[PDB]
Structures are given as structure tokens and as C-alpha cells.
**Q** 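What follows is a structure written as C-alpha cells; I'll ask about it next.
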2 protein chains.
Amino acid sequence: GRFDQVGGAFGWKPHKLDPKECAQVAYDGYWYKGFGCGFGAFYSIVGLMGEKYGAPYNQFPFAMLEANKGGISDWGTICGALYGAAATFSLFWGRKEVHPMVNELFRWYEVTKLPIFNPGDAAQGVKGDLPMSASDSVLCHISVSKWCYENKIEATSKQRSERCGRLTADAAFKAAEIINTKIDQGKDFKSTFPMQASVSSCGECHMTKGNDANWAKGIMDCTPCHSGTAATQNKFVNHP
Amino acid sequence: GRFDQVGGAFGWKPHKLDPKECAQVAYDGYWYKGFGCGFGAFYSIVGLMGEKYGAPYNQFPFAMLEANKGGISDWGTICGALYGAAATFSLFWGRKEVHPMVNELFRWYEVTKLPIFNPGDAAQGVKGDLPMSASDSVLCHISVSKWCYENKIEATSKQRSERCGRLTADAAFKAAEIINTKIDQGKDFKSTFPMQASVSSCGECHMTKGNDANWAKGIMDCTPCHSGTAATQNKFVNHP
Ligand code: HEC
Ligand code: HEC
Ligand code: HEC
Ligand code: HEC
């Protein structure tokens, strides 16, 4: 009936992946027809399962993930690579089970200095080395803008598009490892990245049912936006 | 070949839909197995097309959209309803064409007071009117938290669960209108919502090629985060 689907909800069969292969295809996918972060990462997971094991994986409308490029048509929201990777988890597991998987993928992203991946000369943007940094944000605007600012590189530069291309690979690689670990540990799976400090402490009031201050939703690290930093001071007045 | 898909990229045949139908369906879909905002929205478009026209629409793994519940596994990033609705656009059109569609849907969401949709006695979460407001953000965290704060409503209440359900309906409604208009107008589609003030004013420096300060990526309204409001001041020291 209505709301149901071919194969049932979360009824696809997961298959272990080769993280190295994934990082690679994700990076390549990123440049393909200029589809981007979401497409490359998504494809490196479900796309590779399709090439090796056929249906249902190979029946997916892959380019739909172009939607996530630039945090969804340049709105700079969720980093496309992150969505593309986490979305695949929902093809196999449901809400309760996917939560710790995305928590690990997302918390890892906030703290790890990236990119790590290097295509060598398979580089389609700029060959070379790129500065690494921890974004402390799963949001594209924050991740990209901070890095460009800090490194005096333009968000239009071939470098930042090379950077996002490599990040797609790192996220693909990490997501792949998480999928593998999930297949192994079954319903025992646990995130290896503990809850963020700010999330836990602020959460005491803002994310605890019954609390008079329990208004907030979202477990992104609170630090970037709620720290009174120069960046978050009023830029609409006296801002050269 | 690798990276291609059944039907070619953006190869689906779009069909006009009834906005009021989608709104109703999206609202139901929202509660179905607790799948949420992204599931209802996406389904009310592609799902209905499946029910009414068959393959390929009816072949889609709908439950994957549960990935988006609560701003992606409770992370509070892009609102599930917005992503779910926008995603559908990429099944029929390429990024060039989709950009103005997402721009209108997202801008519409920022400036419009919601929710509008009212299931009356058919409310599946909690019956009754709900306070409306413009979020100024396509991010579930800012949208929800600010609304709970300003109305003193726990983010864990049925009231807010009901609000997000209604919001899903509004989003689905608007996306259908956009899709319909896009079908009629073809390559001449233009968004009714213009670029936000802060984005083009701040963008003059930050999102313009060649300018030293060209570091930012993202066309979200800059006001909530770069205004030095009470909210963005340091909440880590002397708070509350
Ligand atoms: C409970 C002991 C709290 C902790 C821990 C933190 N906050 Fe809080 N916050 C609390 C209350 C009761 C209130 C409202 C009344 C008031 O004191 O003004 C707030 C309000 C906020 C706001 C609103 C804007 C403001 O005026 O400050 C924000 C955006 C907010 N709190 C953020 C926040 C963050 C991110 C925290 C951790 C770093 C944090 N609060 C902890 C109660 C408590
Ligand atoms: C930036 C992307 C943010 C992150 C990460 C977190 N919050 Fe936030 N929060 C942000 C803004 C710009 C706003 C809107 C403020 C406004 O104009 O109303 C909010 C709002 C909240 C609120 C509600 C009170 C309010 O000022 O509206 C709370 C209680 C809050 N945020 C808490 C908070 C905590 C505890 C977070 C970490 C898990 C968190 N926010 C992250 C921007 C951002
Ligand atoms: C050009 C005339 C600009 C306009 C208009 C705005 N910004 Fe800006 N910004 C510009 C420069 C050259 C710099 C360099 C540092 C400085 O203070 O001179 C910046 C920097 C920022 C920053 C980060 C650095 C900081 O002050 O902490 C942010 C967060 C930023 N700008 C945001 C921003 C927004 C939101 C604007 C509109 C309200 C805005 N800027 C306009 C140049 C120009
Ligand atoms: C909140 C959800 C945000 C919105 C909407 C916009 N920006 Fe932003 N911006 C925000 C944060 C938390 C940061 C990181 C600050 C840090 O600690 O480094 C940024 C960063 C930028 C930058 C880079 C410089 C920097 O301070 O790191 C710029 C130039 C900037 N933001 C500009 C800007 C403009 C013009 C926006 C609207 C189109 C905009 N930001 C929205 C948070 C958020």
C-alpha cells in the first residue's frame, strides 16, 4: 500500500566495501559531470555495490545526489559528502541503528584535520598539497568559509574545489569503514567518538526533557556559533 | 558505464501534481513509522507519482529519506522537509535548472510564517492551533530551537512534533507548486523570491570572484549568525 516500497523499508542486503576503493571512486565521482560531494560519496557506496552485485543497488537514480552539491544548491548547509554517505545507511538500517553510525561519521568530521586523501596525479583540479584543518562543523558554509579565510584562498579557487573533492574521498573512506564495522558488530555497534563536550554540558539544560530550558534540537558542536567570537559579533555595523 | 544510471541522469518524466494532495500525504507520511519530515515530503511527490504512474517512481527506496529526520539523524542541519522536497527536483532536472527552484523553496521557507497547514481534528500528534513564525533559517536547529524558545515549548513536546509534521505539509505544498510552475515554464523558470538583502550586501565582498575577502560559500541569510545577537554571544562563560 501507500508509504511502502519495493524490497521493504531498510530491506537491502549490505555488502562489505573496500574503503580505499571507495575513497577513490568518490573522488572521481565528485568531478563526473560536475555532480559533486554528495554524488561521488553516495555512488562510491551504493554505486560500487551496483557494479559488483547488480540490483537493487544498480537501479538507483544516482544523479539525484547532485542535489547536495554545495550544501544543496550552494546554500552551504550539510556537507554533501556527509549526506551522501550517511544516506546509504538508511538503505539497510533504520533510525535507531543508524544513529550511532552517523554520530561517528559526523563527530569524526568535526575534529579530524582534513583532507587526508591525495589523488596524486589523478588530480583533476590542482595537483599537489593542501593545508589541512578541523572544521568543528558538519555545515559546508562553516567548513569551507573558515578554511578559505584562514588560508587566504578564494572560495572560487581551483584549490578549494580540489579540497572538496578530496574531502568527498575521506568521507567516503570513513563511511565505508563504519559500514564494514556495522556489518561485523551487528546490533552491537557503538560509536567510537564520544559525545561532544559542549553538546553534553549545554545539553544538560537545553536538551533534557522536563528542563525549563529544554528548547534546542540538534547535536552539532555548539562552540562555533555560541562563543561570542569575533566572527559572530555584529558584522552589519562597523565591519571593514 | 560507471557513474551512469538507469534512465540517464535527470531522466524521469515529471508530472504535475495537486499541491493540496501532496500537503495531506506529506503530513501523513511524516507520522508513518515515525519516518519524519524528509520521508513525508519526498514521498508526497515521487511516491504519489509512483502510485499514479508506476515505474520508475514506484521503484524508489522511500524509507531512505528517514536519513533526514531531525536535520539528519537529530543533528539539526538542513530541515528534512526542505531536503526531501528539493531532492525530488534532481530526478527531473540538472543543477543549472534546479538552482532557481531550490532558491525559491529555501527563501520562501526563511521569510514565511509557518506552519500554515492545519489538520484540525485530524491532527495525529496534537490538536489545535500553533504559534507561527518565520525561522530565517533553512536549518532545523535554528528553526526549531528559536520557535521553542520564543513560545516556551519543550523541543520534546507533542506540540513541536505536530509543528514539524505541519511544516512538512507546507514544504511539500510549496515544492509541488514549484514543480508545476517549472513544468509549465521550462527553461524560462525564475524564482518569485529575490536574493535576500544581507546575502547580496555581504556577498558584494564575500561571494564575489576577485575580491580579497571572497572566502564564503553559502547563500543562507547571514543575519542570524553574524549579527552579534544575545544568542551568538559567549554562552560558555557566565551563562545563564
Ligand atoms: C542551564 C543551567 C543552562 C546551561 C547549562 C546553559 N544554558 Fe543556555 N539558557 C538557559 C536559560 C534558562 C536560558 C533562558 C533565560 C536566560 O538566562 O536568558 C538560556 C538561554 C540561552 C540562549 C538564548 C539567548 C540568551 O539570552 O542567552 C541560548 C542561545 C543558549 N542559552 C545557549 C546555550 C549554550 C549553547 C550552552 C552551552 C555552551 C548553554 N546555553 C548552557 C540555561 C542554560
Ligand atoms: C550554528 C550553526 C549553531 C550551532 C552549531 C548551534 N546553534 Fe544554537 N542557535 C544558533 C542560532 C543563530 C540561533 C538563533 C538565535 C535567535 O536569533 O533566536 C540558535 C538558537 C539556539 C537556542 C534557542 C534560543 C535562541 O537564542 O533563539 C538554543 C537554546 C541553542 N541554540 C542552543 C545551542 C546548543 C546548546 C547547541 C549545541 C548542541 C547549539 N545551539 C548549536 C546557531 C547555532
Ligand atoms: C566588504 C566591503 C565587506 C562587506 C560588505 C562585509 N565584509 Fe566581512 N569581511 C571583509 C574583510 C576584508 C574582512 C577581513 C577582516 C576584517 O575585519 O577586516 C572580513 C571578515 C569577515 C568575517 C571573519 C573575520 C572576523 O571579523 O572575525 C566574518 C565572519 C564576516 N566578514 C562576515 C560578513 C558578513 C556576515 C557581512 C554582512 C553583514 C560582511 N562580512 C560584510 C569585507 C566585507
Ligand atoms: C549560521 C548558521 C551561519 C550563517 C547563516 C552564516 N554564517 Fe558565516 N560563519 C558562521 C560561523 C560559525 C563561521 C565560523 C567562524 C569561525 O569560528 O571561524 C562563519 C564563517 C564565515 C566566514 C569565514 C571567516 C571566519 O570567521 O571564519 C565568512 C566570510 C562568513 N561566515 C560570511 C557569511 C556571509 C556573507 C553569510 C551569508 C551569505 C554567512 N556567513 C552566513 C555562521 C554562519
Side-chain angles (χ1 to χ4, degrees), chain A residues 71 74-78 110 133-152 154-155 195-208 211-233 235-236 239, chain B residues 71 74-78 110 133 135-152 155 195-208 211-240:
Chain A
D74 305 330
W75 277 68
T77 67
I78 179 61
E110 297 182 333
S133 60
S135 54
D136 187 27
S137 178
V138 142
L139 296 183
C140 225
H141 170 69
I142 299 186
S143 175
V144 179
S145 304
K146 195 183 174 186
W147 180 92
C148 283
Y149 175 58
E150 289 179 344
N151 295 285
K152 268 60 198 181
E154 277 190 65
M195 176 165 280
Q196 304 100 314
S198 65
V199 183
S200 303
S201 61
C202 303
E204 299 258 5
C205 303
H206 298 294
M207 271 91 82
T208 304
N211 201 294
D212 308 58
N214 183 31
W215 307 303
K217 274 292 167 175
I219 51 186
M220 278 182 284
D221 187 51
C222 325
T223 303
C225 305
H226 296 297
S227 293
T229 57
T232 71
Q233 288 303 320
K235 308 282 108 174
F236 289 83
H239 173 63
Chain B
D74 236 44
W75 273 70
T77 70
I78 180 77
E110 287 182 347
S133 61
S135 68
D136 197 13
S137 179
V138 296
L139 300 190
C140 163
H141 168 73
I142 296 174
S143 188
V144 185
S145 298
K146 179 167 56 178
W147 179 88
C148 279
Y149 174 61
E150 296 175 351
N151 290 100
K152 301 286 194 296
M195 179 168 283
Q196 19 208 285
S198 63
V199 177
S200 49
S201 68
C202 304
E204 279 277 62
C205 283
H206 292 308
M207 287 113 215
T208 309
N211 194 304
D212 275 64
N214 183 45
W215 308 305
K217 223 51 165 168
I219 48 181
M220 281 179 289
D221 185 55
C222 323
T223 316
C225 307
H226 295 300
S227 279
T229 62
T232 65
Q233 289 309 326
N234 195 358
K235 304 296 138 187
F236 290 89
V237 183
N238 296 334
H239 176 80

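Order of appearance sets the numbers: ligands from 1, and atoms from 1 within every ligand. Below, chain A is the first sequence line, B the second, and so on; all start at residue 1.
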**Q** Does the residue A/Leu139 have a heavy-atom contact with ligand 4, meaning some pair of atoms that are separated by less than 4.0 Å?
**A** no
**Q** For atom 14 (C) of ligand 4, grab the closest protein heavy atom and report residue, atom and distance to one decimal in Å.
**A**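 It is A/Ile142 CG2, 4.0 Å.
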**Q** If we only consider heavy atoms of A/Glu204, is any one of them less than 4.0 Å away from an atom in ligand 1?
**A** no
**Q** Which option out of B/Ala213, B/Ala216, A/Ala155, B/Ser201 puts a heavy atom nearest to atom 28 (C) of ligand 4?
**A** B/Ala216
**Q** Return yes when at least one N/O/S atom of A/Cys202 is nearer than 2.8 Å to atom 8 (Fe) of ligand 1, and no when none is.
**A**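 For A/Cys202, the answer is no, given that no N, O or S atom comes within less than 2.8 Å of atom 8 (Fe) of ligand 1.
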**Q** Considering only heavy atoms, does A/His206 approach ligand 1 within less than 4.0 Å through its side chain, its backbone, both, or neither?
**A** side chain
**Q** If the cut-off is 4.0 Å to any non-hydrogen atom of A/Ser145, which atoms of ligand 4 fall inside it?
**A**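 Counting from 1, the qualifying ligand atoms are 21 (C), 22 (C), 23 (C).
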**Q** Counting non-hydrogen protein atoms only, what is the nearest one to atom 4 (C) of ligand 4? Give residue, atom name and distance.
**A** B/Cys225 SG, 3.5 Å
**Q** Is a side-chain N or O of A/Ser143 found less than 3.5 angstrom from the main chain of A/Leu139, in a donor-acceptor match?
**A** no
**Q** Looking only at side chains, do A/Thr208 and A/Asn214 share a donor and an acceptor under 3.5 Å apart?
**A** no
**Q** Mind checking whether atom 8 (Fe) of ligand 4 has an N, O or S of B/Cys222 under 2.8 Å?
**A** no
**Q** Starting from atom 15 (C) of ligand 4, which protein heavy atom do you reach first, and at what distance in Å?
**A** A/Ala231 CB, 3.5 Å
**Q** Check for me whether B/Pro224 has a heavy atom closer than 4.0 Å to any atom of ligand 4.
**A**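 False for this residue.
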**Q** Protein heavy atom under 4.0 angstrom of atom 35 (C) of ligand 1, is there one?
**A**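 True for atom 35 (C) of ligand 1.
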**Q** What protein heavy atom is closest to atom 39 (C) of ligand 4, reported as residue, atom name and distance in Å?
**A** B/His226 CD2, 3.4 Å
**Q** Relative to the heavy atoms of A/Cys205, which atoms of ligand 1 are at a distance of less than 4.0 Å?
**A**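 Selected atoms, number and element: 1 (C), 2 (C), 3 (C), 4 (C), 5 (C), 43 (C).
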**Q** Please identify which atoms of ligand 1 are closer than 4.0 Å to at least one heavy atom of B/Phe236.
**A**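 In order of numbering, the contacting atoms are 38 (C).
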**Q** Which residue holds the protein heavy atom closest to atom 27 (O) of ligand 4, what is that atom called, and what is the gap in Å?
**A** A/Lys146 CA, 3.7 Å
**Q** Of all the atoms in A/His141, is at least one N, O or S atom closer to atom 8 (Fe) of ligand 4 than 2.8 Å?
**A**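 So A/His141 counts as coordinating atom 8 (Fe) of ligand 4, yes.
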**Q** Would you confirm whether B/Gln233, through its side chain, and A/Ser227, through its main-chain N or O, come within 3.5 Å as a donor-acceptor pair?
**A**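 Between the backbone of A/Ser227 and the side chain of B/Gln233 there is no qualifying donor-acceptor contact (under 3.5 Å).
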**Q** Pick one of side chain, backbone, both or neither for how A/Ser198 approaches ligand 1, counting any non-hydrogen atom pair under 4.0 Å.
**A** neither
**Q** Heavy atom under 4.0 Å from ligand 1: found in B/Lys235's side chain, backbone, both, or neither?
**A**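 It is both backbone and side chain that touch ligand 1.
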**Q** Can you find a protein heavy atom closer to atom 17 (O) of ligand 4 than 4.0 Å?
**A** no
**Q** For atom 5 (C) of ligand 2, which protein heavy atom lies nearest, and how many Å away is it?
**A**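 Here the nearest protein heavy atom works out to A/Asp221 O, 3.1 Å.
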**Q** Looking only at protein heavy atoms, identify the closest one to atom 25 (C) of ligand 4 and say how far it is in Å.
**A**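 Nearest neighbour among protein heavy atoms for atom 25 (C) of ligand 4, to 0.1 Å: A/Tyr149 CD2, 3.7 Å.
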